[PDB]
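Next up is one chain by itself, shown in structure tokens, the form deposited in one PDB entry.
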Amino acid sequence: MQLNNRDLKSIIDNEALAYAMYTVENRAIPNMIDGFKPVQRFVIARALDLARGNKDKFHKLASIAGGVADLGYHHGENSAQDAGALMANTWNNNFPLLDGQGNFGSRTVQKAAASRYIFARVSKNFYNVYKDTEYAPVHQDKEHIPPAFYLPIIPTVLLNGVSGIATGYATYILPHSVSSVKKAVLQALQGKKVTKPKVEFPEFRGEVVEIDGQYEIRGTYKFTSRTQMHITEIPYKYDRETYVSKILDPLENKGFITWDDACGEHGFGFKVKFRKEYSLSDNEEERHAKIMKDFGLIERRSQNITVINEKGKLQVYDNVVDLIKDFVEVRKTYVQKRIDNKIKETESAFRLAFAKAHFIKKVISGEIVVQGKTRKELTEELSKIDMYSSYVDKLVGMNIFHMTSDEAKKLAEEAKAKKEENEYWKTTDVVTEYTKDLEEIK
């Protein structure tokens, strides 16, 4: 039993500050590069490792988050399961990065099954936008195998819509349409003025309007006659039970309306009939305003963008346009890094292909004396030749069916065509590759 003296001020400046620094930069604020919180990064990496050969196979979430701990997760297993279940939603995700199979509910009813009795896999969207993941920067932690962040083509942080609290900070970003985000990225790429991307909720039949930073989401109604109307679309925040028991039944009770349901696949449609108590005005302006306000088709949401930048520190953007500008500014550097790595890769591949072609041409010519030689003698003779000096292990390790008199010229033509993909990654810039990968988005 030994005693040491500690002060509360030192405790809050050393211990509680470390926790405050933790659940801001490491638990619940998305990285601006890839839009993944650290748990979702582990879930995505585990799903990538699970996919392997059978990319279309549906794995259980309990297996998807049952091996993140060996990937660097230090916080449990159920949190990763819930993060994956939210990620793998089919309807709430504007750009689903995880294709899901299970009872995910819908806009009508929002309740997943168990977050474990559901299946998930890497969606085609992920393989589309997340063009490069090998060249992503490595985490400073030696036990953090997933990279620091992934490298998507467009900023997926605002594609689906993140909302994360923290200690001393919080983030809330509205969903955006893939087409508008792609257009904004293009404009920021080639230097013209960047337009504001439009907010597009999934399977949403309404329209959004920007009002001085706020976003107004408006429902749609059509007057069948001067007595009854049909509400076709409602704001995204309203569920069936909430809409029915919070704004429909209240007014219906006070002799105002009489409503009935028309829900289906593209549901949430309602038919309402006006009673005598509801004093409708023939003036279309105030009638429109009162109908919009009374049934609550009008909602207002404000973005609260706070994201972890490349440096790892929190950064607050006042406009989504500045977010996209910085995103493309850093993605330019990342794509240039990809270009350099592909330059080195193509150089190595060209050396290997030319060495293979020369080796095949020499054995066809018969100059190489393979008779009366062992592995030691073969290596001794091969490494002396400069063009075979670089490659010995895999330069003389092909199957016989790989080499053939006609496949000799076939491999020579393959080596010749290697020049085309060598020049593809050399005589271009970031703009061309980024534009091509932007055009590949459906």
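Rigid core: the largest C-alpha set superposing within 1.5 Å between the two forms. Counting begins at 1, following the sequence as shown.
The form deposited in another entry is left out here; the points below concern that form.
Chemist: Please look at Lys196, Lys124, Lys313, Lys273 and say which one has a C-alpha shift reaching 2 Å or more between the shown form and the other one, core superposed.
Modeler: Shifted by 2 Å or more: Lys273 only.
Chemist: Core superposed first: is there a CA shift of 2 Å or greater at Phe359 between the shown form and the other one?
Modeler: It does shift by 2 Å or more.
Chemist: Kindly check if the Cα atom of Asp239 is displaced 2 angstroms or more between the shown form and the other one relative to the superposed rigid core.
Modeler: Yes, because once the rigid core is superposed, the C-alpha of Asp239 moves 2 Å or more between the shown form and the other one.
Chemist: Once you overlay the rigid core, does the Cα of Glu407 travel 2 Å or further between the shown form and the other one?
Modeler: Where the cores coincide, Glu407 still shows a C-alpha shift between the shown form and the other one that is 2 Å or more.
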